[PDB]
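1. let me see the structure of the following:
(chains A, B and C)
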Amino acid sequence: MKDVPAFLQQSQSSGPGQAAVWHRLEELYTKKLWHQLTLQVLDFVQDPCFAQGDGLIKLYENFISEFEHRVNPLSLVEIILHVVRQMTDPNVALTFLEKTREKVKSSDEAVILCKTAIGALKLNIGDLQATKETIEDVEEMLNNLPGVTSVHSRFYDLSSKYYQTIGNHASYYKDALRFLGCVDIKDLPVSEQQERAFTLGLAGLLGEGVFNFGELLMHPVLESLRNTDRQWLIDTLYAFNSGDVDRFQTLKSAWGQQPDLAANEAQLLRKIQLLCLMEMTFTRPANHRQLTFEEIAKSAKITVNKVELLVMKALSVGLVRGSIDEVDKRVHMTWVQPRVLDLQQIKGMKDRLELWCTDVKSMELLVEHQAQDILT
Amino acid sequence: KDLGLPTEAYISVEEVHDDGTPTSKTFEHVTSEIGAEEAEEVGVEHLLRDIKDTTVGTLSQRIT
Amino acid sequence: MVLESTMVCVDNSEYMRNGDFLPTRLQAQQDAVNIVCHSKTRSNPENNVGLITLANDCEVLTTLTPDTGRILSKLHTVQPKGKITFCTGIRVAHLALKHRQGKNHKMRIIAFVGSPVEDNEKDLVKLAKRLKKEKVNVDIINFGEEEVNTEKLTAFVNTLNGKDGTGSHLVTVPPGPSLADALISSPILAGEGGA
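-> Numbers count the residues shown, from 1 in each chain, chains lettered A, B, ... in the order given. The protein structure is shown below:
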């Protein structure tokens, strides 16, 4: 019964402030309101026991053996979790976590909570490969729930830290975007949000197949928060997407801040050019279909042999579909990629479709008069 | 409702969007058709005060 | 007792799993559901019971049958993440009681509350008006609204009796040890009508 009240009893005597916490915890168990202890315990770890007191290790044992039913499983991982964050010894912290893991009764959010904490510890040592696996496991569990909640928010922070440091821009984008997009509020500081938004913007420029530029603008994290460093940042997102070569080059100093962009330049130069072929066709075509070949080279500004590669690279990744005809020196697009979420995207579609609606009704009635006899 | 059957068949599909929560539980329509056993079909005719309006058969149906 | 359709609502919460009522509530209630079910069946056997979870997203485990086995099984497992939501259980009990396997019976709800309610003062007065118009009453064995909460129920129970042709009762089990598996002492053995 009492693993936890046994320790509490020695500890409560001597020490002002801290005595009180132990005294309250002891009384709840004895009257046997186990739930009431669960309300008390959460604060207690942050208050005595290696954050006002000592014997957190003693307490770690006590909680797990008996108290895994008595005290909420979700709360069981959570009390230790806080200590693991402040500590400078990830080697001892990782073992406590391996042990904590709950699965005791029914569904537990408890499993997901270990998966972030364990992952964060590995990144700090520099077990790079080991962090990556822990990201794959936390992701899969979460994704299965159609929702986004506080543990989901955590997943996105770990995935993004690991990815930005090694420099995997492609891998960074997906997590970073999703965090921004669902509008996470947890207990996040301003500074941490400045990091998410900033890095995602560097990451898109390097990317392949990524046309998620428009939605970023809409989202609160980028839009609400600004600074002097961000003034470069905003402008590079446009330059890259539309195809103005000159604007990006000047704003390049920005690359310096976050280490997501230091991995390559190789794809980076190709990408602005790729984006301009998709973007240009999306604006001028929508019932027209041609754009001239000629604009691409004027939004490239690089050697002629390199142009064929860029143009063909764009069809391949999935930014555009179509064919290029160089005996007319024009670009024909069969498909032009839909514009990533905006109020504007919805408006363009509605009018065209209404024009078409009128064509069906008229033509249908017309054909019905004749072959009146055939109908019967 | 509908000129045809007011019946739809739906199979629950999981897709991600980027407007709302990631991974939503939704329905993608999957094709609906009809059957009938041989006696049962003749029975369908018996209740009706017609045979059917369409079957995509000869000259006459095909236009309808 | 005689011609009654009953929905027994088992509370499954983080509150309902304590050592409040020895050995643990989960075992203790299992003894308690057998004594109320059997008690009603013993009086005259023509009553039936159903099983619903009062708490979170409602699930109908069972519709009317005499069977004790189902009540005993649901009770032992409980979600850690669960908590009571009184409004969903009353709503669902009323709706289920209408359709019946054995169909002749009057409508009475028997509910276990081993948790302080998580729903506001507007909610509790709203529910009481619904119960009264349909003339369908809830008998409550209440240790839960004692835990760190006040007894909201107490008021409803008085109002409901007299007018409705079904009875409501407030049964009080002190928080901490008093047992809640030795039900014969405080009657909710059978649901009494009002008419």
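
2. and chain C, which residues reach chain A?
-> C:14-15, C:17-20, C:77-81, C:147-148, C:175-177 (C-beta under 8 Å from any C-beta of the partner chain). Backbone N, C-alpha and C define where each C-beta goes, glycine included.

3. show me the helices in chain C, by range?
-> C:25-43, C:69-76, C:86-97, C:121-134, C:153-160 (DSSP state H).

4. whoops, I mixed them up, chain B
-> Going by DSSP H, chain B shows helices at B:38-47, B:59-63.

5. just checking the shortest one against chain A, any contact.
-> Yes - contact of helix B:59-63 with chain A is found when judged by C-beta under 8 Å from any C-beta, involving B:59-60, B:63.

6. how about CSV for the residues you listed, with distance to residue A:77 and neighbour count added?
-> Shown next, in CSV, are these (distance: C-beta to C-beta, whole Å; neighbours: other C-beta atoms under 10 Å in any protein chain shown):
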residue, distance to residue A:77, neighbour count
B:59, 74, 8
B:60, 72, 13
B:63, 69, 13
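
7. which among the residues you listed gets closest to chain A?
-> residue B:63 (5.0 Å; C-beta to the nearest C-beta).

8. around chain B, pick out the residues from chain A.
-> A:143-148, A:177-178, A:181-182, A:212, A:215, A:340-341, A:371, A:374-376.

9. mind giving me the PyMOL command for buried ones among the residues of chain C next to chain A?
-> The buried subset of those, as determined by 16 or more other C-beta atoms under 10 Å in any protein chain shown, is captured in PyMOL by this line:
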select buried, chain C and resi 14+15+17+18+19+20+78+79+80+81+147+175+176
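
10. tally of neighbours for residue 101?
-> Just so you know, I chose chain A. 18 (other C-beta atoms under 10 Å in any protein chain shown).

11. my question was about chain C, not that one.
-> 10.

12. next: the one 4 residues further on.
-> In terms of burial, residue C:105 registers 17 neighbours under the definition other C-beta under 10 Å.

13. am I right that it is in contact with residue C:44?
-> No - counting by C-beta atoms under 8 Å, residue C:44 is not a contact partner of residue C:105; they are 12.0 Å apart.

14. and the residue nearest to residue A:141 when sequence neighbours are not counted, how far from residue B:22?
-> Spatial nearest neighbour of residue A:141, excluding adjacent residues (C-beta to C-beta, 6 or more residues apart in numbering or on different chains): residue A:112 at 5.5 Å. According to C-beta to C-beta, to the nearest Å, residue A:112 and residue B:22 sit 15 Å apart.

15. cool, residue A:280 as well?
-> Residue A:280 is 30 Å from residue B:22, by C-beta to C-beta.

16. do the same with residue B:31
-> For residue B:31 relative to residue B:22 (C-beta to C-beta), the value is 28 Å.

17. of those two, which one has the most company?
-> residue B:22 (22 against 6).

18. quick one on the thing from earlier: wait, a helix at the residue nearest to residue A:141?
-> Yes - counting by DSSP: H, G, I helix; E, B strand; the rest coil, residue A:112 is found in a helix.

19. isn't it up against residue A:140?
-> No - in this structure residue A:112 lies outside contact range of residue A:140 using C-beta under 8 Å: 10.3 Å.

20. more crowded one of these two?
-> residue A:112 (21 against 10).

21. excluding sequence neighbours, find me the nearest residue to residue A:376.
-> Per C-beta to C-beta, 6+ apart, closest to residue A:376 is residue B:60, 6.9 Å.

22. which residue does chain C have closest to chain B?
-> residue C:57 (14.4 Å).

23. ignoring the adjacent residues along the chain, who's closest to that residue?
-> Residue C:57 sits nearest to residue C:88 (C-beta to C-beta, 6+ apart), 7.5 Å away.

24. what about the one you found, how many neighbours?
-> 17.

25. picking that back up, of the residues of chain A next to chain B, grab the buried ones for PyMOL.
-> Buried residues within the residues of chain A next to chain B, by 16+ other C-beta under 10 Å, are selected in PyMOL with:
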select buried, chain A and resi 145+148+177+178+181+182+212+215+340+341
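
26. next step: the residues of chain A next to chain B restricted to helices.
-> Per DSSP H, those map to helices at A:143-144, A:177-178, A:181, A:215, A:374-375.

27. residues contacting residue A:104?
-> Residues in contact with residue A:104 (C-beta atoms under 8 Å, 6 or more residues apart in numbering or on different chains) are A:68-69, A:73, C:80.

28. counting neighbours, what do you get for residue A:118?
-> Residues near residue A:118, counting by other C-beta under 10 Å: 23.

29. from chain C, how far out is it?
-> Residue A:118 sits 21 Å away from chain C, going by C-beta to the nearest C-beta, to the nearest Å.

30. sorry, back to before: for residue A:146, see how far away the residue of chain C closest to chain B is.
-> 14 Å.

31. distance check, the closest residue to residue C:5 other than its chain neighbours against residue B:36.
-> Closest residue to residue C:5 apart from its sequence neighbours, by C-beta to C-beta, 6+ apart: residue C:105 at 3.9 Å. Distance of residue C:105 to residue B:36, given as C-beta to C-beta: 42 Å.

32. what do you get for residue A:67?
-> 64 Å.

33. got the residues of chain B near chain A?
-> Checking chain B against chain A by C-beta under 8 Å from any C-beta, the hits are B:14, B:18-25, B:59-60, B:63-64.

34. wait, what's in contact with the most centrally placed residue in chain C?
-> For chain C, the residue sitting closest to the mean C-alpha position, by C-alpha atoms, centre = their mean, is residue C:111 at 0.7 Å. Applying C-beta under 8 Å, 6+ apart, we find residue C:111 in contact with C:8-9, C:11, C:54, C:89, C:93, C:138-141.

35. ranges for the strands of the chain?
-> Since no chain was named, I'll use chain A. A:290-292, A:320-325, A:330-336 (DSSP state E).

36. that answer is for a different chain, and I need it for chain B
-> According to DSSP E, the strands that chain B contains are B:10-15, B:24-29.

37. in CSV: the ones you listed, plus distance to chain C.
-> Below are these laid out as CSV (distance: least, C-beta to the nearest C-beta, whole Å):
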stretch, distance to chain C
strand B:10-15, 17
strand B:24-29, 14
